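Below is my_file.cif, which holds mmCIF, C-alpha atoms and all ligand atoms.
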```cif
data_start
#
loop_
_atom_site.group_PDB
_atom_site.id
_atom_site.type_symbol
_atom_site.label_atom_id
_atom_site.label_comp_id
_atom_site.auth_asym_id
_atom_site.auth_seq_id
_atom_site.Cartn_x
_atom_site.Cartn_y
_atom_site.Cartn_z
ATOM 1 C CA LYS A 24 126.720 106.229 66.158
ATOM 2 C CA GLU A 25 126.775 108.563 69.167
ATOM 3 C CA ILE A 26 123.847 109.673 71.339
ATOM 4 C CA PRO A 27 123.564 113.519 71.396
ATOM 5 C CA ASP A 28 124.658 115.369 74.547
ATOM 6 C CA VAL A 29 121.513 117.517 74.321
ATOM 7 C CA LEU A 30 118.239 115.655 73.715
ATOM 8 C CA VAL A 31 115.624 117.732 71.871
ATOM 9 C CA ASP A 32 112.057 116.919 70.799
ATOM 10 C CA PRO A 33 109.773 118.645 68.248
ATOM 11 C CA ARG A 34 106.787 118.439 70.643
ATOM 12 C CA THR A 35 107.673 119.833 74.108
ATOM 13 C CA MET A 36 110.771 121.537 72.628
ATOM 14 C CA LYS A 37 112.655 120.746 75.832
ATOM 15 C CA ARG A 38 116.371 119.997 76.062
ATOM 16 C CA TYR A 39 117.754 117.083 78.075
ATOM 17 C CA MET A 40 121.447 117.075 78.972
ATOM 18 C CA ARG A 41 122.645 113.472 78.716
ATOM 19 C CA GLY A 42 124.592 112.672 81.890
ATOM 20 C CA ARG A 43 125.913 109.546 83.601
ATOM 21 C CA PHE A 44 125.408 105.962 82.416
ATOM 22 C CA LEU A 45 122.890 103.928 84.431
ATOM 23 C CA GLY A 46 122.750 100.592 82.603
ATOM 24 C CA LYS A 47 121.686 98.701 79.484
ATOM 25 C CA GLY A 48 119.494 95.725 78.514
ATOM 26 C CA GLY A 49 117.035 94.659 75.814
ATOM 27 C CA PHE A 50 118.354 96.828 72.977
ATOM 28 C CA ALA A 51 118.283 99.953 75.176
ATOM 29 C CA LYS A 52 120.829 102.134 76.993
ATOM 30 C CA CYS A 53 119.675 104.264 79.935
ATOM 31 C CA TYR A 54 121.190 107.597 81.033
ATOM 32 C CA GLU A 55 120.604 110.170 83.772
ATOM 33 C CA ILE A 56 119.106 113.152 81.931
ATOM 34 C CA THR A 57 118.609 116.707 83.191
ATOM 35 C CA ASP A 58 116.308 119.374 81.733
ATOM 36 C CA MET A 59 118.683 122.243 80.957
ATOM 37 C CA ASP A 60 116.304 125.032 82.023
ATOM 38 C CA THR A 61 114.529 123.689 85.138
ATOM 39 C CA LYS A 62 117.243 121.206 86.273
ATOM 40 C CA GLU A 63 114.831 118.289 86.807
ATOM 41 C CA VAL A 64 116.500 114.858 86.754
ATOM 42 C CA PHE A 65 115.100 111.875 84.819
ATOM 43 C CA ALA A 66 116.097 108.485 83.408
ATOM 44 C CA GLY A 67 116.387 108.519 79.612
ATOM 45 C CA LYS A 68 115.968 105.224 77.774
ATOM 46 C CA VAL A 69 117.743 105.471 74.411
ATOM 47 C CA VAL A 70 116.887 102.791 71.829
ATOM 48 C CA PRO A 71 118.491 102.512 68.335
ATOM 49 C CA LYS A 72 116.224 102.367 65.265
ATOM 50 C CA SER A 73 118.448 99.549 63.959
ATOM 51 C CA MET A 74 117.023 97.441 66.807
ATOM 52 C CA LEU A 75 113.523 98.164 65.455
ATOM 53 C CA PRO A 78 106.755 97.643 61.923
ATOM 54 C CA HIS A 79 106.823 94.332 63.839
ATOM 55 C CA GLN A 80 109.150 95.373 66.685
ATOM 56 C CA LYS A 81 107.957 98.990 66.346
ATOM 57 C CA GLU A 82 104.416 97.835 67.186
ATOM 58 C CA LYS A 83 105.589 96.094 70.380
ATOM 59 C CA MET A 84 107.287 99.291 71.581
ATOM 60 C CA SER A 85 104.431 101.645 70.628
ATOM 61 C CA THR A 86 101.997 99.538 72.683
ATOM 62 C CA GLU A 87 104.426 99.556 75.642
ATOM 63 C CA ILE A 88 104.556 103.365 75.486
ATOM 64 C CA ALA A 89 100.748 103.682 75.222
ATOM 65 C CA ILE A 90 100.317 101.420 78.271
ATOM 66 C CA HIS A 91 103.077 103.099 80.330
ATOM 67 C CA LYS A 92 101.942 106.648 79.429
ATOM 68 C CA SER A 93 98.410 106.070 80.776
ATOM 69 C CA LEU A 94 99.809 105.028 84.174
ATOM 70 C CA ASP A 95 100.187 107.139 87.326
ATOM 71 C CA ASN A 96 100.952 105.439 90.661
ATOM 72 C CA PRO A 97 103.566 105.842 93.474
ATOM 73 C CA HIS A 98 104.666 102.199 92.967
ATOM 74 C CA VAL A 99 105.054 102.348 89.176
ATOM 75 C CA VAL A 100 107.966 103.934 87.274
ATOM 76 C CA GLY A 101 106.592 107.326 86.202
ATOM 77 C CA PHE A 102 106.275 107.948 82.466
ATOM 78 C CA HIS A 103 107.124 111.592 81.731
ATOM 79 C CA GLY A 104 107.271 111.579 77.915
ATOM 80 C CA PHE A 105 108.619 109.993 74.737
ATOM 81 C CA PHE A 106 110.130 111.271 71.468
ATOM 82 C CA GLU A 107 112.304 110.253 68.508
ATOM 83 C CA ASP A 108 114.708 111.902 66.065
ATOM 84 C CA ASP A 109 116.183 110.212 62.962
ATOM 85 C CA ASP A 110 118.298 107.647 64.852
ATOM 86 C CA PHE A 111 117.071 107.139 68.432
ATOM 87 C CA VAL A 112 113.812 106.865 70.385
ATOM 88 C CA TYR A 113 113.934 108.616 73.772
ATOM 89 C CA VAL A 114 111.738 107.437 76.653
ATOM 90 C CA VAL A 115 111.818 109.804 79.648
ATOM 91 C CA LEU A 116 111.218 108.031 82.961
ATOM 92 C CA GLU A 117 111.220 108.589 86.727
ATOM 93 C CA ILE A 118 114.786 108.271 88.034
ATOM 94 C CA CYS A 119 115.495 105.124 90.078
ATOM 95 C CA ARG A 120 119.046 105.487 91.393
ATOM 96 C CA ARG A 121 119.074 102.415 93.669
ATOM 97 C CA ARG A 122 119.123 99.890 90.782
ATOM 98 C CA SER A 123 116.690 96.955 91.035
ATOM 99 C CA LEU A 124 115.668 94.238 93.481
ATOM 100 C CA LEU A 125 117.749 91.811 91.381
ATOM 101 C CA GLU A 126 121.029 93.526 92.360
ATOM 102 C CA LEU A 127 119.937 93.543 96.010
ATOM 103 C CA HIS A 128 119.140 89.826 95.666
ATOM 104 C CA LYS A 129 122.577 88.974 94.222
ATOM 105 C CA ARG A 130 124.463 90.859 96.947
ATOM 106 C CA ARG A 131 122.220 89.737 99.831
ATOM 107 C CA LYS A 132 120.939 86.271 98.885
ATOM 108 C CA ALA A 133 118.014 85.325 101.163
ATOM 109 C CA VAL A 134 116.725 88.479 102.892
ATOM 110 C CA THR A 135 115.045 88.849 106.302
ATOM 111 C CA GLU A 136 111.291 88.312 106.757
ATOM 112 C CA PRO A 137 110.483 92.002 107.533
ATOM 113 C CA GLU A 138 112.258 93.074 104.308
ATOM 114 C CA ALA A 139 110.180 90.751 102.105
ATOM 115 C CA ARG A 140 107.041 92.119 103.799
ATOM 116 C CA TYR A 141 108.088 95.665 102.850
ATOM 117 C CA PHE A 142 109.173 94.842 99.273
ATOM 118 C CA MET A 143 106.182 92.591 98.513
ATOM 119 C CA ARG A 144 103.595 94.988 100.004
ATOM 120 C CA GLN A 145 104.777 97.954 97.910
ATOM 121 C CA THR A 146 104.999 95.702 94.836
ATOM 122 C CA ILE A 147 101.495 94.236 95.332
ATOM 123 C CA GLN A 148 100.026 97.738 95.851
ATOM 124 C CA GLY A 149 101.504 98.537 92.426
ATOM 125 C CA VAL A 150 100.132 95.321 90.898
ATOM 126 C CA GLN A 151 96.680 96.079 92.361
ATOM 127 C CA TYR A 152 96.717 99.497 90.676
ATOM 128 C CA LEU A 153 97.642 97.806 87.390
ATOM 129 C CA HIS A 154 94.876 95.194 87.634
ATOM 130 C CA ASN A 155 92.244 97.768 88.651
ATOM 131 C CA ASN A 156 93.045 99.465 85.324
ATOM 132 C CA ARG A 157 92.906 96.100 83.494
ATOM 133 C CA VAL A 158 96.685 95.984 82.892
ATOM 134 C CA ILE A 159 98.465 92.627 83.102
ATOM 135 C CA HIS A 160 102.234 93.073 83.479
ATOM 136 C CA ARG A 161 103.238 89.518 82.412
ATOM 137 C CA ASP A 162 106.932 90.244 83.134
ATOM 138 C CA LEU A 163 107.095 90.654 86.922
ATOM 139 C CA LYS A 164 110.566 89.810 88.223
ATOM 140 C CA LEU A 165 113.278 91.176 90.527
ATOM 141 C CA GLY A 166 114.982 93.027 87.655
ATOM 142 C CA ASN A 167 111.763 94.907 86.850
ATOM 143 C CA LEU A 168 111.124 96.089 90.417
ATOM 144 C CA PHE A 169 113.220 99.260 90.578
ATOM 145 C CA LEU A 170 114.358 101.169 93.656
ATOM 146 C CA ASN A 171 114.769 104.888 94.278
ATOM 147 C CA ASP A 172 116.903 106.722 96.874
ATOM 148 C CA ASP A 173 114.191 106.191 99.515
ATOM 149 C CA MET A 174 114.208 102.425 98.789
ATOM 150 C CA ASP A 175 110.687 102.631 97.334
ATOM 151 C CA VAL A 176 109.766 99.886 94.854
ATOM 152 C CA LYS A 177 108.923 101.032 91.315
ATOM 153 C CA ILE A 178 107.477 98.459 88.889
ATOM 154 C CA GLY A 179 108.868 99.041 85.390
ATOM 155 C CA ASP A 180 109.288 97.602 81.875
ATOM 156 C CA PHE A 181 105.827 97.190 80.330
ATOM 157 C CA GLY A 182 107.241 95.609 77.152
ATOM 158 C CA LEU A 183 105.145 92.472 77.611
ATOM 159 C CA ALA A 184 102.177 94.206 79.265
ATOM 160 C CA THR A 185 98.632 94.012 77.899
ATOM 161 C CA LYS A 186 95.405 95.928 78.545
ATOM 162 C CA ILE A 187 92.124 93.990 78.480
ATOM 163 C CA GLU A 188 88.809 95.533 77.380
ATOM 164 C CA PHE A 189 85.911 93.066 77.731
ATOM 165 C CA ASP A 190 85.081 91.124 80.910
ATOM 166 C CA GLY A 191 86.420 87.593 80.321
ATOM 167 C CA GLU A 192 89.243 88.102 77.821
ATOM 168 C CA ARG A 193 91.885 85.356 77.842
ATOM 169 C CA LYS A 194 95.300 86.164 76.339
ATOM 170 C CA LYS A 195 97.312 83.583 74.380
ATOM 171 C CA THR A 196 100.790 85.062 73.735
ATOM 172 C CA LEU A 197 103.675 83.018 75.109
ATOM 173 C CA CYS A 198 105.921 85.602 76.779
ATOM 174 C CA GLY A 199 107.882 86.217 79.982
ATOM 175 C CA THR A 200 111.043 85.393 81.917
ATOM 176 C CA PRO A 201 111.805 81.626 82.375
ATOM 177 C CA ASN A 202 111.969 81.763 86.201
ATOM 178 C CA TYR A 203 108.703 83.717 86.508
ATOM 179 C CA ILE A 204 106.454 82.512 83.651
ATOM 180 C CA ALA A 205 103.075 81.049 84.698
ATOM 181 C CA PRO A 206 102.235 77.425 83.712
ATOM 182 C CA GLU A 207 99.122 78.506 81.769
ATOM 183 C CA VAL A 208 101.286 80.789 79.590
ATOM 184 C CA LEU A 209 103.642 77.929 78.626
ATOM 185 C CA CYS A 210 100.752 75.618 77.687
ATOM 186 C CA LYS A 211 99.401 78.369 75.367
ATOM 187 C CA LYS A 212 95.815 77.410 76.301
ATOM 188 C CA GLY A 213 94.922 80.910 77.553
ATOM 189 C CA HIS A 214 95.619 83.183 80.529
ATOM 190 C CA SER A 215 94.506 86.314 82.416
ATOM 191 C CA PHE A 216 95.279 88.419 85.539
ATOM 192 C CA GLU A 217 96.470 85.561 87.768
ATOM 193 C CA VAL A 218 99.779 85.145 85.889
ATOM 194 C CA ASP A 219 101.034 88.228 87.761
ATOM 195 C CA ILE A 220 100.113 86.524 91.053
ATOM 196 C CA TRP A 221 102.200 83.499 90.033
ATOM 197 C CA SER A 222 105.192 85.719 89.200
ATOM 198 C CA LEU A 223 104.692 87.493 92.541
ATOM 199 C CA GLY A 224 104.889 84.078 94.224
ATOM 200 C CA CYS A 225 108.192 83.451 92.441
ATOM 201 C CA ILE A 226 109.411 86.856 93.656
ATOM 202 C CA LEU A 227 108.450 86.134 97.293
ATOM 203 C CA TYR A 228 110.091 82.687 97.179
ATOM 204 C CA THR A 229 113.310 84.128 95.706
ATOM 205 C CA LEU A 230 113.492 86.857 98.371
ATOM 206 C CA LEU A 231 113.041 84.506 101.342
ATOM 207 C CA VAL A 232 114.990 81.483 100.024
ATOM 208 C CA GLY A 233 117.757 83.093 97.941
ATOM 209 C CA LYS A 234 116.978 81.447 94.591
ATOM 210 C CA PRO A 235 114.058 81.110 92.099
ATOM 211 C CA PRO A 236 111.733 78.125 92.855
ATOM 212 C CA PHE A 237 112.168 76.459 89.438
ATOM 213 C CA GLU A 238 115.847 77.424 89.028
ATOM 214 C CA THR A 239 117.841 74.851 87.044
ATOM 215 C CA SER A 240 121.032 74.657 84.956
ATOM 216 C CA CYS A 241 118.824 73.581 82.031
ATOM 217 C CA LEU A 242 116.188 75.812 80.402
ATOM 218 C CA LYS A 243 114.174 72.834 79.095
ATOM 219 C CA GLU A 244 114.012 71.338 82.608
ATOM 220 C CA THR A 245 112.842 74.630 84.178
ATOM 221 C CA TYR A 246 109.827 74.703 81.822
ATOM 222 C CA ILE A 247 108.935 71.086 82.702
ATOM 223 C CA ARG A 248 109.137 71.887 86.437
ATOM 224 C CA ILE A 249 106.718 74.814 85.976
ATOM 225 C CA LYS A 250 104.101 72.959 83.894
ATOM 226 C CA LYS A 251 104.273 70.006 86.322
ATOM 227 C CA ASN A 252 104.211 72.459 89.266
ATOM 228 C CA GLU A 253 107.420 70.931 90.656
ATOM 229 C CA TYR A 254 108.967 72.988 93.457
ATOM 230 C CA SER A 255 109.435 72.736 97.224
ATOM 231 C CA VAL A 256 109.552 75.435 99.891
ATOM 232 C CA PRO A 257 112.276 74.584 102.462
ATOM 233 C CA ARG A 258 111.121 73.671 105.989
ATOM 234 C CA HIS A 259 113.161 76.584 107.395
ATOM 235 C CA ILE A 260 110.726 79.186 106.023
ATOM 236 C CA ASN A 261 107.947 80.439 108.328
ATOM 237 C CA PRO A 262 104.846 78.209 107.805
ATOM 238 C CA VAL A 263 102.794 81.396 107.201
ATOM 239 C CA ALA A 264 105.050 82.593 104.352
ATOM 240 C CA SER A 265 105.271 79.092 102.847
ATOM 241 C CA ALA A 266 101.469 78.782 103.079
ATOM 242 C CA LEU A 267 101.153 82.022 101.100
ATOM 243 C CA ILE A 268 103.827 80.947 98.573
ATOM 244 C CA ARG A 269 102.009 77.630 97.956
ATOM 245 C CA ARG A 270 98.769 79.529 97.254
ATOM 246 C CA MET A 271 100.348 82.079 94.887
ATOM 247 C CA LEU A 272 102.138 79.284 93.013
ATOM 248 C CA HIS A 273 98.998 77.199 92.528
ATOM 249 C CA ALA A 274 98.633 75.030 89.413
ATOM 250 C CA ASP A 275 95.003 76.144 89.054
ATOM 251 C CA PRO A 276 94.947 79.901 88.237
ATOM 252 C CA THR A 277 91.484 80.260 89.835
ATOM 253 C CA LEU A 278 92.758 78.982 93.203
ATOM 254 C CA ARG A 279 95.465 81.662 93.430
ATOM 255 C CA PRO A 280 94.731 84.623 95.743
ATOM 256 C CA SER A 281 93.516 87.878 94.200
ATOM 257 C CA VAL A 282 95.656 91.016 94.540
ATOM 258 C CA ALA A 283 93.210 92.386 97.127
ATOM 259 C CA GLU A 284 93.437 89.089 99.042
ATOM 260 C CA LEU A 285 97.255 89.316 99.124
ATOM 261 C CA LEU A 286 97.452 92.590 101.108
ATOM 262 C CA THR A 287 95.179 91.286 103.877
ATOM 263 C CA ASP A 288 97.136 88.035 104.314
ATOM 264 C CA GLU A 289 98.448 86.743 107.656
ATOM 265 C CA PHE A 290 101.987 87.168 106.261
ATOM 266 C CA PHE A 291 101.499 90.949 106.114
ATOM 267 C CA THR A 292 99.538 91.304 109.379
ATOM 268 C CA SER A 293 101.399 89.046 111.851
ATOM 269 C CA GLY A 294 105.125 89.846 112.092
ATOM 270 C CA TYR A 295 107.166 93.048 111.989
ATOM 271 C CA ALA A 296 106.420 95.186 108.931
ATOM 272 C CA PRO A 297 108.755 98.200 108.613
ATOM 273 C CA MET A 298 107.416 101.290 106.834
ATOM 274 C CA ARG A 299 110.934 102.390 105.842
ATOM 275 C CA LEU A 300 114.077 100.535 104.810
ATOM 276 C CA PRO A 301 117.535 102.169 104.920
ATOM 277 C CA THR A 302 119.783 102.150 101.831
ATOM 278 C CA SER A 303 122.041 99.725 103.759
ATOM 279 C CA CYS A 304 119.633 96.899 102.789
ATOM 280 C CA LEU A 305 121.291 96.922 99.345
ATOM 281 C CA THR A 306 124.413 95.272 100.807
ATOM 282 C CA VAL A 307 123.801 94.189 104.436
ATOM 283 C CA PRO A 308 120.812 93.073 106.559
ATOM 284 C CA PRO A 309 119.078 95.862 108.546
ATOM 285 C CA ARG A 310 119.765 96.051 112.290
HETATM 286 N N1 LIG B 1 113.526 104.169 85.526
HETATM 287 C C1 LIG B 1 114.850 103.896 85.621
HETATM 288 N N2 LIG B 1 115.653 104.615 86.441
HETATM 289 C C2 LIG B 1 116.974 104.360 86.548
HETATM 290 N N3 LIG B 1 117.598 103.383 85.863
HETATM 291 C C3 LIG B 1 116.914 102.582 85.004
HETATM 292 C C4 LIG B 1 115.467 102.800 84.831
HETATM 293 N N4 LIG B 1 115.044 101.887 83.940
HETATM 294 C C5 LIG B 1 116.123 101.149 83.573
HETATM 295 N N5 LIG B 1 117.239 101.561 84.205
HETATM 296 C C6 LIG B 1 118.602 100.984 84.052
HETATM 297 O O1 LIG B 1 118.691 100.184 82.868
HETATM 298 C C7 LIG B 1 119.139 98.858 83.165
HETATM 299 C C8 LIG B 1 118.241 97.833 82.482
HETATM 300 O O2 LIG B 1 116.873 98.203 82.646
HETATM 301 P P1 LIG B 1 115.714 97.510 81.769
HETATM 302 O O3 LIG B 1 114.415 98.217 82.080
HETATM 303 O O4 LIG B 1 115.818 96.013 81.949
HETATM 304 O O5 LIG B 1 116.137 97.864 80.253
HETATM 305 P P2 LIG B 1 115.051 97.932 79.063
HETATM 306 O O6 LIG B 1 114.580 99.368 79.098
HETATM 307 O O7 LIG B 1 115.841 97.561 77.830
HETATM 308 O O8 LIG B 1 113.991 96.919 79.435
HETATM 309 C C9 LIG B 1 119.119 98.690 84.677
HETATM 310 O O9 LIG B 1 120.345 98.109 85.134
HETATM 311 C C10 LIG B 1 118.913 100.084 85.242
HETATM 312 O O10 LIG B 1 120.089 100.555 85.908
#
```

What would you get if you wrote out this structure as structure tokens?
Amino acid sequence: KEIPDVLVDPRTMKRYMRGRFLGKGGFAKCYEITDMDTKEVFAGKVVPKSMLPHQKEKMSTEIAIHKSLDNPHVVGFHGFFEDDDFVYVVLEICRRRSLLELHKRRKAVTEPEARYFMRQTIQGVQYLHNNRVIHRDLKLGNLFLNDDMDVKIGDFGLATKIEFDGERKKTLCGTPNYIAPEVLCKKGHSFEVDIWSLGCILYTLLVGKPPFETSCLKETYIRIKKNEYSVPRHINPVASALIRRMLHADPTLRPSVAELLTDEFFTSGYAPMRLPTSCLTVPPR
């Protein structure tokens, strides 16, 4: 099979010129796409129908969740369509890869950087929770970056919208390093699983590795359910205090999203409003 050079849909009847390769992942291949008449640039997720009513239901709910979203810290959803072979998701273009690639090249980042990255990310998470959306898959590889180094939360493939007040979800899903203990135990979970994952993100940024990172997958899960981790003594007491709270065994003792923004960690030290593109490879001066 070969993905068409011009992407056309029955609905909008727009044409997208398939350009440069951006990356691949969970049964999807992303390309830089340009509307041939207005010259607007987007990211086009192209997924084969051979990869797909069981898997097709999990994608159609992702689209429905992502479509209803509009926020400066969330990857913009600009439309979806399918021909006879491929499903085309049209997204906001994020040319600065993800926070995972920054992490691999940089290792532990500086304190002001984590303030910037976490703040923008939490502002996105707050928006999601205000609209009753639980992401459930928050990690460095899902926090995308644009040319201005703005964080863009993406991939809502494991996301869920809640309707009634005290709904508790039961699906066991996520990424090993970031999955909340209540999700592994399958007892039931809600909004505070995103706070846990955020705590894993903050730890990883300041320390240089995930808190429950192990060579064995089975061990990692045991560490999480037993709440077995340690923040190194070299980390600022304020940041470690916040990390300990976000990674609490009891979901009800974790800070709310609103409580995160007004934390001492975000109000004490230097918090830059902008980060240069040099942060992708070297520490900022
Ligand atoms: N909105 C986007 N803008 C630019 N590139 C993207 C975007 N979303 C995904 N990509 C590219 O696709 C790769 C994997 O992304 P991911 O979202 O994990 O794939 P999937 O859509 O299968 O979940 C990344 O390396 C990234 O370069």

**Prompt:** When you draw a straight line from atom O6 of ligand LIG 1 (chain B) to atom CA of residue 95 of chain A, how long is it in Å?
**Reply:** 18.3 Å

Residues selected by the PyMOL selection byres (((not hetatm)) within 8 of (chain B and resi 1)), written as a compact mmCIF listing (two decimals) with C-alpha atoms, keeping the file's coordinate frame:
```
# COMPACT_ATOMS: atom_id res chain seq x y z
CA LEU A 45 122.89 103.93 84.43
CA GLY A 46 122.75 100.59 82.60
CA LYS A 47 121.69 98.70 79.48
CA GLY A 48 119.49 95.72 78.51
CA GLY A 49 117.04 94.66 75.81
CA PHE A 50 118.35 96.83 72.98
CA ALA A 51 118.28 99.95 75.18
CA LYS A 52 120.83 102.13 76.99
CA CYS A 53 119.68 104.26 79.94
CA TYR A 54 121.19 107.60 81.03
CA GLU A 55 120.60 110.17 83.77
CA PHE A 65 115.10 111.88 84.82
CA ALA A 66 116.10 108.48 83.41
CA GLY A 67 116.39 108.52 79.61
CA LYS A 68 115.97 105.22 77.77
CA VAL A 100 107.97 103.93 87.27
CA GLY A 101 106.59 107.33 86.20
CA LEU A 116 111.22 108.03 82.96
CA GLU A 117 111.22 108.59 86.73
CA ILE A 118 114.79 108.27 88.03
CA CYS A 119 115.50 105.12 90.08
CA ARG A 120 119.05 105.49 91.39
CA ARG A 121 119.07 102.42 93.67
CA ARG A 122 119.12 99.89 90.78
CA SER A 123 116.69 96.96 91.04
CA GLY A 166 114.98 93.03 87.66
CA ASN A 167 111.76 94.91 86.85
CA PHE A 169 113.22 99.26 90.58
CA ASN A 171 114.77 104.89 94.28
CA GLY A 179 108.87 99.04 85.39
CA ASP A 180 109.29 97.60 81.88
CA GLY A 182 107.24 95.61 77.15
```

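Minimum distance to residue 260 of chain A across A:231, A:30, A:75, A:176 (counting only C-alpha atoms) occurs at A:231.
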
**Message:** Show me the residues close to (119.6, 88.6, 94.4) - anything with an atom within 10 Å, counting only C-alpha atoms - and format the list as a PyMOL selection string.
**Reply:** chain A and resi 123-134+165-166+229-230+233-235+305

**Prompt:** Could you name the residues that touch residue 175 of chain A at 9 Å or less, counting all atoms listed in the file, but leaving out those on the same chain fewer than 2 positions away, as an MDAnalysis selection string?
**Reply:** chainID A and resid 97:98 142 145 169:173 177 299:300

**Request:** Please provide the set of residues having any atom within 9 Å of residue 295 of chain A, restricted to all atoms listed in the file, with same-chain residues fewer than 3 positions apart removed, written as a PyMOL selection string.
**Result:** chain A and resi 136-137+140+291-292

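Ranking A:35, A:151, A:61, A:239 by their shortest atom-to-atom distance to residue 253 of chain A, with only C-alpha atoms included, puts A:239 first.
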